[PDB]
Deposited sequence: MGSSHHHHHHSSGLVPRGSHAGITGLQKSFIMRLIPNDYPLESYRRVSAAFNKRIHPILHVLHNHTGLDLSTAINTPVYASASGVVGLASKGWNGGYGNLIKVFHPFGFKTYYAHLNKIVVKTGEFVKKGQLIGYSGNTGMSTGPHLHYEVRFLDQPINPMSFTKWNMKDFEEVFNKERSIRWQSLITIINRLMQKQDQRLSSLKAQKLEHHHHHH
């Protein structure tokens, strides 16, 4: 059911976390920074950055962070995490609860960075994850992510998520 789509989309990361990227084609290049494939989203310094799903800010770290620069890690339900790196400014703290689409920081050029961009990652536990499978995942192209990121045991996760409602 379509109600389940929205609900699922509050909990599991999806869409682009910069507004200008979600507008142009949905309504981006692959880069390994620290052991995981991120996505680099070219954009000017201080471009607002939004949470891809609801969760807790697991880390809001103002540091070098392995070359990530200023870094937010949002911990989502069921072992999903999102990383937002090279930030110029962080407007949430460690332990803050955020909702999907909430402003969490502003883009920058901090850390190991050649020009201003957002470095974005979707993680699931400890296994490699393609971020495009989640950034392209949206309300129209909804079923897609089950066939694009097959390595997640969706059948168990869907069942469990559907049980949460009533």
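For this chain, the deposited residues without C-alpha positions form the stretches 1-23, 51-56, 196-216, given in sequence order.
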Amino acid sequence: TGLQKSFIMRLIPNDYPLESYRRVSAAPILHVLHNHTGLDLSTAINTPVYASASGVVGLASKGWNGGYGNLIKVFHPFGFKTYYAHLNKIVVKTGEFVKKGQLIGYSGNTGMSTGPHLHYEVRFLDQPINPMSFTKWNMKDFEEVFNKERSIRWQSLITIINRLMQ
From here on, numbers count along this sequence of modelled residues.
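Look at the mean CA B-factor for 136-144 and for 116-124 in the entry; the higher one is 136-144. Taking the mean C-alpha B-factor of each stretch as recorded, 46-54 and 125-133 are not equal, and the higher mean is that of 125-133. Highest C-alpha temperature factor among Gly105, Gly101, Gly67, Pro28 per the entry: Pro28.
The deposited CA B-factor of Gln155 belongs to the middle third of values across its chain. When the modelled residues of the chain are ordered by C-alpha B-factor, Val24 sits in the highest third. For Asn35, the recorded CA temperature factor ranks within the highest third of the chain's modelled residues.
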